[PDB]
Amino acid sequence: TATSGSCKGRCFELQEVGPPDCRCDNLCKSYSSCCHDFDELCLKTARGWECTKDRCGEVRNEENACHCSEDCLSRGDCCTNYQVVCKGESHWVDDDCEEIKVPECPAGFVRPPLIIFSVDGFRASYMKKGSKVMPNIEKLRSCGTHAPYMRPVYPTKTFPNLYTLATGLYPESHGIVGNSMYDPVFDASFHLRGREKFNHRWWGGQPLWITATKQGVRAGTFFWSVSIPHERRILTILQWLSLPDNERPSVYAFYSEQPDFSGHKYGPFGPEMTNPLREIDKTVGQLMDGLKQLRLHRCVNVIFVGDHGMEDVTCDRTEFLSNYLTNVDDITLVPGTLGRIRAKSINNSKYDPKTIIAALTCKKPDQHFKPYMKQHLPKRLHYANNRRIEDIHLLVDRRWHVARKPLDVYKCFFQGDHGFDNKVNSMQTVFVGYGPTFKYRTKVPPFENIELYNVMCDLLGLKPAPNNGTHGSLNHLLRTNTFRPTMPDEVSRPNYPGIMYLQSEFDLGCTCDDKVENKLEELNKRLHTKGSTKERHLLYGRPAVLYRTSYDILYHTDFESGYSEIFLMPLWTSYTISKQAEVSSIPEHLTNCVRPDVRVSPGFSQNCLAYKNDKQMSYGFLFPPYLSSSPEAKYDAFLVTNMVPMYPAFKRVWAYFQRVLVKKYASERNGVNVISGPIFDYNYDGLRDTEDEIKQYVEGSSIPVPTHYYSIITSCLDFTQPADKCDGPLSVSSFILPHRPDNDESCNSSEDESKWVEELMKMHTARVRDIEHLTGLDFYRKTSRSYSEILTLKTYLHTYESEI
Ligand SMILES: *[C@@H]1O[C@H](CO)[C@@H](O[C@@H]2O[C@H](CO)[C@@H](O[C@@H]3O[C@H](CO[C@H]4O[C@H](CO[C@H]5O[C@H](CO)[C@@H](O)[C@H](O)[C@@H]5O)[C@@H](O)[C@H](O[C@H]5O[C@H](CO)[C@@H](O)[C@H](O)[C@@H]5O[C@H]5O[C@H](CO)[C@@H](O)[C@H](O)[C@@H]5O)[C@@H]4O)[C@@H](O)[C@H](O[C@H]4O[C@H](CO)[C@@H](O)[C@H](O)[C@@H]4O[C@H]4O[C@H](CO)[C@@H](O)[C@H](O)[C@@H]4O)[C@@H]3O)[C@H](O)[C@H]2NC(C)=O)[C@H](O)[C@H]1NC(C)=O
Ligand SMILES: O=C(OCc1ccc(OCC(F)(F)F)cc1F)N1CCC2(CC1)CN(C(=O)[C@@H]1CCc3[nH]nnc3C1)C2
Ligand SMILES: O=C(OCc1ccc(OCC(F)(F)F)cc1F)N1CCC2(CC1)CN(C(=O)[C@H]1CCc3[nH]nnc3C1)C2
Ligand SMILES: [Ca+2]
Ligand SMILES: [Ca+2]
Ligand SMILES: [Cl-]
Ligand code: NA
Ligand code: NA
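(A) Representation of the sheet that holds strand 12 (residues 392–396). Pairing is antiparallel in the open sheet, where four strands are placed in the order 9-10-12-11. Two strands close off the open sheet at either side, each with one partner strand: strand 9 (331–334) and strand 11 (369–373). Taking each pair of neighbouring strands and ignoring which way they run, the sheet shows an average axis angle of 25 degrees. As defined by bridge partners, strand 9 adjoins strand 10 (residues 338–343) across four bridges and the pair is classed as antiparallel. When the sheet's bridge partners are listed, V334 is paired in strand 10 with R340. Contacting strand 9, strand 10, strand 11 and strand 12, helix 12 (residues 353–360) crosses the sheet at an angle of about 155 degrees to strand 11.

(B) Expanded view of the UniProt feature "active site" in the chain. Feature annotation in UniProt assigns "active site" to the following positions: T158. Apart from residues lying up to four places away in sequence, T158 is in contact with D120, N179, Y255, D307, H308 and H418. A distance of 3.1 Å separates polar atoms of two side chains, one belonging to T158 and the other to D120.

(C) Main features of the site of ligand 2. Neighbouring ligand 2 are the residues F159, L162, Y163, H200, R201, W203, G204, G205, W209, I210, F222 and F223. Burial of ligand 2 by the protein amounts to 60% of the accessible area it has alone, namely 750 Å². In terms of residues, the shell around ligand 2 owes the most to one element, helix 6 (residues 158–167), which gives three residues. Considering only residue class, the shell around ligand 2 consists of eight nonpolar, three polar and one charged.

(D) How the structure looks around the coordination of the sodium ion (ligand 7). Protein ligation of the sodium ion (ligand 7) involves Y611 (O), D614 (O) and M617 (O), the donor distances falling in the range 2.1 to 2.4 Å. Coordination of the sodium ion (ligand 7) draws on donor residues from a single chain, spaced Y-x2-D-x2-M in sequence. One exposure class covers both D614 and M617, and it is buried.

(E) Structural context of the UniProt feature "binding site: Ca(2+)" in the chain. The feature "binding site: Ca(2+)", as given by UniProt, occupies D681, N683, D685, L687 and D689 in the numbering adopted here. Here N683 is to be found in the loop between strand 24 (672–679) and strand 25 (708–716). Classification of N683 as partly exposed rests on a relative accessible area of 27%. Beyond its immediate stretch of four places on either side in the chain, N683 contacts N385, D689 and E693. One can find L687 in the loop between strand 24 and strand 25. Given a relative accessible area of 44%, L687 falls into the partly exposed group. Apart from residues lying up to four places away in sequence, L687 is in contact with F680, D681, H773 and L774.

Cut-offs and rules
Residues numbered from 1 in each chain as written, not as in the entry; some residues may be left out. Chains lettered and ligands numbered in written order. Heavy atoms only, no water. Residues with missing side-chain atoms left out of burial classes, pairs and counts. Pairing = 2+ DSSP bridges. Helix = DSSP H or I, 4+ residues; strand = E, 2+ residues; numbered from the N terminus. Axes fitted to C-alpha atoms, helices over the stretch in contact; angles between N-to-C directions. Contact = heavy atoms within 4.5 Å. UniProt positions renumbered as here; feature names shortened; annotations may be inferred. Polar contact = N/O pair within 3.5 Å; in protein donor to acceptor, adjacent residues only side chain to side chain. Near = heavy atom within 4 Å. Areas by Shrake-Rupley, 256 points an atom, 1.4 Å probe, with all protein chains shown as cover. Nonpolar A, V, L, I, M, F, W, Y, C, P; charged D, E, K, R; others polar. Donors = N, O, S within 2.8 Å, 3.2 Å for Na, K, Ca; no water. Buried < 20%, exposed > 50% of the residue type's maximum accessible area, 1.4 Å probe, protein only.

Right under this line is the structure:
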């Protein structure tokens, strides 16, 4: 190699140098390529970090870590408390907050800088619970914009979350799917320790610093060597902000390994945790006093953001694959707060994932982890579409670990850990935004960390790279946006078929006992088929179809559907169930009733014979017969165009939802509007499948089998108003249930539906936005709400955790 040359006047230089030369940037330590004099010139420590009364007006001495001399301000290198100790100034924390209506920047600043202050393991409840010891953070929080918590991404580990913050992408798309990974195409392994993580090939997407660079905005570094202490990181950022206009970056990052580092040792609320929270707050204080000195404290936007929280976890709460598997040695486990399993050797053709899962399913009474094939994980986790994510996964219960065998845990160190399902309260983390671009004293609802990349791009005037945020859904955070989104254009307009077919044209092998026979009640049934009740059942406009297809709008007394001539079933079925609505049962004579739809050709219909011949597959209905508004209207629910294929095991789930839960939600929420439909995602990419991607059909037919069924359940946020007459904001909960031929996922399934079904639905809670990706549909096109507010609503997730 080559080291010689000097960091003289180059400490923490922003552009990298090429060999021959030794490096003086904050990455050099990691390449053992710093110049011989790096520590000496760049990592000065003499006299510590604060001005004292006597150092005031001192003679500049270049060996000091920071300066209290008369020239320090313009040299850009005073200690952060200089003006307080020597010029009678006040600490930023002691000043009242004053609204920052416009940026107040020094001449030459083209745009307010962004500083991202990122804290590791900063659990959401530390904001309330540590508030006495964190006065600077608490001023940021209460004078700026803050959420009660921010939802990390799964796994709730450091690398997936930091890189998701930086890219707006799910780990499956960015590639950093855990703190440890194996990539079979590379044949390589990635870890926290080691040089492997420095290779380019792991890091997908386009993180904020690159977005910035490519578009002409300069960035400080987003990597700090572990041995550079926090005080020096702050001084380096402050120095960079004193650079000349042509050289000065616009976006900066600070990172603290605390409080995570302590949390692992002592638990989230260990008595030892007070100090690290004091010490982070003191750092924030140094940055803010430093900004105030440079007259930048009403100019810079500051983001205080965590990557994940921290949970109580101990060695005795470890489940061992050795208590379940006899073939334990033929597998590799990525262990801990999640499990990922693959074959130890791919020259082993006796390795069977099928039997591995079976041996891990529902085996002990209080079993603290649950196996899944990755494509069967809740769709809200978005954790399947990457060759680095193993087919077998274990979702581990909060407070537990999974290990391969006892030797692995002993050959108790720790009291805290994180990595669990990102809905878990103890995994939630923080967000505060403070500055001219953020709002003043404003609380916003919790949101997902995938949304921030768009906002940081807005804050810096950048166009974001394509990402998983929904741009506009966080506009309510900002005093001025620059992003006004517009509704996507409908691609396919519907047909509106009338009565075009006689009953005898159909040979579907279907039967119904419906031959049971007046211009009042026959002009009425005509009007219902023309959409006379459509304002009742279709409350927010019809969904828009965002891809090219052929489909028909079908109207009925009790429901409206968008029926796909390609997939031979509805894409969406819309209906409203008022608080007053009544549950009836299906009359005996109509148990097996399926009726041809005279609006839709035999050639674009399902048939009953296929369901008869298919021994695995049965069928269900999207608008539930149980909720029909009259005995005559019920006939509408048995139309072949309301049928969808369903495994008998799944009919147990679906029947309970339709018979029991919809009515329950209607009475609790004062009416609900329900939109239900099928989802096809056979390649588990989270995106609607094209017809040529379907792997399963009802036997001997072209009726495709859904991988999932969704419902979107909307009511009035002010529940004193009924769902069909709501004048203000809406409230939504949704789900994406896996369409599975067994109920192995639910260990209590041999019991009554009242003991397990709702728990399954809760697990498979979803955002309307997840359902849009999966169906190519766009919901809520006609409301009186602003589009920004609708976007927020579409990104909402009902989590079913208790309060924070
Ligand atoms: C969350 O958001 C993201 C981002 O919007 C969504 O992900 C996007 O989804 C798109 C649809 O699936 C997908 O489009 C693909 O793109 C293929 C080419 O992609 C490569 O280039 C991308 C662009 O690079 C630019 O920007 C980067 C910096 O970001 C620079 O490096 C470049 O210089 C460019 O300027 C690049 O982003 C992408 O990265 C992935 O792959 C890398 C390794 O190669 C990874 O390191 C990285 O992390 C990305 O990995 C993810 O994505 C891949 C799939 O791309 C996935 O397998 C991984 O698991 C991981 O999840 C690539 O380098 C393009 O080839 C595709 O074209 C096929 O389909 C089209 C449809 O229009 C057909 O017209 C065409 O026929 C073609 O088919 C051909 O190929 C077929 C399959 O190989 C074959 O069967 C067929 O017969 C044909 O030969 C398609 O357009 C985006 O790439 C993807 N972007 C990202 C960043 O992931 C995601 O969907 C969102 N999630 C949800 C739930 O909504
Ligand atoms: O700028 C970066 O390096 C610094 C850095 C990296 C990470 C971090 O922090 C990580 C964390 F946030 F987690 F802390 C903090 C940091 F300074 N990166 C982005 C540019 C590349 C190197 C890595 C990725 N490259 C590639 O060629 C990719 C290959 C495969 C791929 N797929 N899609 N596109 C691609 C392109 C060059
Ligand atoms: O300087 C850095 O990060 C800047 C940055 C990078 C990217 C951003 O993206 C987020 C943004 F875009 F929003 F800014 C935001 C940012 F601060 N790094 C310091 C070095 C490590 C990566 C982060 C390697 N490492 C670890 O292995 C820790 C894991 C867990 C832990 N617990 N105790 N000890 C530890 C050690 C920490
Ligand atoms: Ca972390
Ligand atoms: Ca798909
Ligand atoms: Cl991991
Ligand atoms: Na059958
Ligand atoms: Na079961």
